[PDB]
Amino acid sequence: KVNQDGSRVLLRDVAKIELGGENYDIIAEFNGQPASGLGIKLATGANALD
Amino acid sequence: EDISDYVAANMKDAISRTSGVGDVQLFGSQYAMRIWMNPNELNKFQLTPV
Amino acid sequence: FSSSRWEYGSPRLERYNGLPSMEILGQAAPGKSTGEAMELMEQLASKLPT
Amino acid sequence: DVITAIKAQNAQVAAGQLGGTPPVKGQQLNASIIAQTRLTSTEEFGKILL
């Protein structure tokens, strides 16, 4: 908004804006070292080793 | 936050669609524009999260 | 309330497997055929930017 | 006004939780927040304010 004064308010002024993960629930450590991973879950009656 | 985003926005999409994958559980989350509001700074300029 | 600007843009963007891609269409040669035509093109692309 | 009063009072809203997901370091309790729940009986519907 622009309140009767000429002053401007912005999302930067009202809120902390950062490029972060969409959820903060599940985190992983590989030997105590910060890391992610691709946990693959096979299809129903697929081909496994193929 | 940084690795989990890259693992999703460079690799994850190529899997889960490849050789008969049921579903992939990514160990983290891809980046999102996270806006962290402030109640007092909202109250200051007469603003609701709406 | 509106500014007016002429600006360059693509009329037909392309994506291969969820990644921005551009289709090159070519020929073998009056001498060579496919095998070398591809082999040439594969490292004519390897000597491109990162 | 009858209809409008129903979906405003007879509805289940999804509020967050105490000690959410990106928490303040040293948070001890993590409990879910319950707000408006869905009405169950003929009496509760009778008590809808217009």
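Residues numbered from 1 in each chain as written, not as in the entry; some residues may be left out. Chains lettered and ligands numbered in written order. Part of a larger assembly, values for the part shown. Heavy atoms only, no water.

As recorded in the PDB header, X-ray crystallography is the method behind this entry, and the stated resolution is 3.38 Å.

Per the PDB entry, chain D carries the name Acriflavine resistance protein B and comes from Escherichia coli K12.

Chain A is annotated in the PDB entry as Acriflavine resistance protein B from Escherichia coli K12.

**Q** Talk me through the overall build of chain D; I want residue IDs and the actual numbers.
**A** Counting its secondary structure elements, chain D contains 2 helices and 2 strands. Ordered by position in the sequence, the α and β elements of chain D form the string α-β-β-α. Over its C-alpha trace chain D gives a radius of gyration of 16 Å, far above what one expects of a compact globule, namely 10 Å for 50 residues. Projected onto the principal axes, the alpha-carbon positions of chain D cover approximately 45 × 20 × 10 Å. By sequence separation, contacts in chain D at least 24 residues apart represent 50% of the contacts at least 6 residues apart. About 4,400 Å² of surface is accessible on chain D, with carbon and sulfur atoms providing 56% of the total. (Helix = DSSP H or I, 4+ residues; strand = E, 2+ residues; numbered from the N terminus. Rg over C-alpha atoms; globule rule 2.2 N^0.38 Å. Contact = heavy atoms within 4.5 Å. Areas by Shrake-Rupley, 256 points an atom, 1.4 Å probe, with all protein chains shown as cover.)

**Q** A description of the pattern of salt bridges should follow, citing residues and the corresponding values.
**A** Side chains that carry opposite charge are capable of pairing whenever their charged atoms lie near each other. Residues and elements named next belong to chain C. Within the structure shown, the criterion is met by 2 salt bridges over all chains. The salt bridge partner of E14 is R12, with a shortest N-O separation of 3.3 Å. Note on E14: relative accessible area 25%, which makes it partly exposed. (Salt bridge = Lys/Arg side-chain N within 4 Å of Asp/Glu carboxyl O. Buried < 20%, exposed > 50% of the residue type's maximum accessible area, 1.4 Å probe, protein only.)

**Q** Report on the interface of chain A and chain B, specifying residues and quantitative values.
**A** Listed by partner, the interface residues are 28 residues for chain A and 31 residues for chain B. Summed over both sides, the interface of chain A with chain B buries roughly 2,700 Å², with 63% coming from carbon and sulfur. Linking chain A with chain B are 0 salt bridges. Remark: the boundary between chain A and chain B carries 12 residue pairs in polar contact. Mapped by element, the contributors of at least two residues to the side of chain A that touches chain B are α1 (11–14), β1 (15–21) and β4 (38–42) of chain A. If one sorts the elements of the side of chain A that touches chain B by residue count, β1(A) sits on top with 7 residues. Tallied by class, the residues present in the side of chain A that touches chain B amount to 16 nonpolar, 6 polar and 6 charged. Bridge count for β1(A) against strand β2 (residues 31–37) of chain B is 7 bridges, and the pairing is antiparallel. Note on β2(B): the bridge partner recorded for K16(A) is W36(B). (Buried area = accessible area lost by both parts, 1.4 Å probe. Polar contact = N/O pair within 3.5 Å; in protein donor to acceptor, adjacent residues only side chain to side chain. Nonpolar A, V, L, I, M, F, W, Y, C, P; charged D, E, K, R; others polar. Pairing = 2+ DSSP bridges.)

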